[PDB]
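To begin, one chain is listed below as structure tokens, in the form deposited in one PDB entry.
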């Protein structure tokens, strides 16, 4: 039961593979059995799904028995359990769309605390862990923070969203300041 993590506003590719290398019938539906998009032999059929204008596969890979389901401009709500009915197989794959967005401007005085908010889907409990330009491995499940934003933290931060053996980077820029010298 595969699982894929994605960043809000990014493109994710839920795979789905056929046994042999042969372009055959396949179809992408979501938990509610709503058809996302399948194929009509050599043609692509897009269904009623709200992911319509953003769903899409890879014709080229169909012959290699591969029938992905690329979702672009990924939305938190796009998070779900997309089945893939192919040759009587149901490759139900999971999709989690997280979104890390700092609050106060990237520019923040020295000492003040830095608050991070992780937008996540319901029934989802990830564990984030950013890494300061120096090394602060501070942790925060859903909402992190840097108690005292030290001037040696003013730079690129490398967070991480852990959710089922997987994780997604979220590089963020932070700027510390002064009174001045």
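C-alpha atoms forming the largest set that superposes within 1.5 Å between two forms make up the rigid core. Positions refer to the first chain, counted from 1.
Note that the form deposited in another entry isn't included here; everything after this is about it.
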Only one of 44, 70, 61, 34 shifts its Cα by 2 Å or more between the shown form and the other one once the rigid core is superposed, namely 44
Quick one: in the other entry, is the Cα gap between residue 43 and residue 33 smaller or bigger than here? Answer closer or farther; it shifts by 3 Å or more. closer
Note whether the distance between the C-alpha atoms of residue 70 and residue 42 decreases (closer) or increases (farther) in the other entry, against the displayed form; the change is 3 Å or more. closer
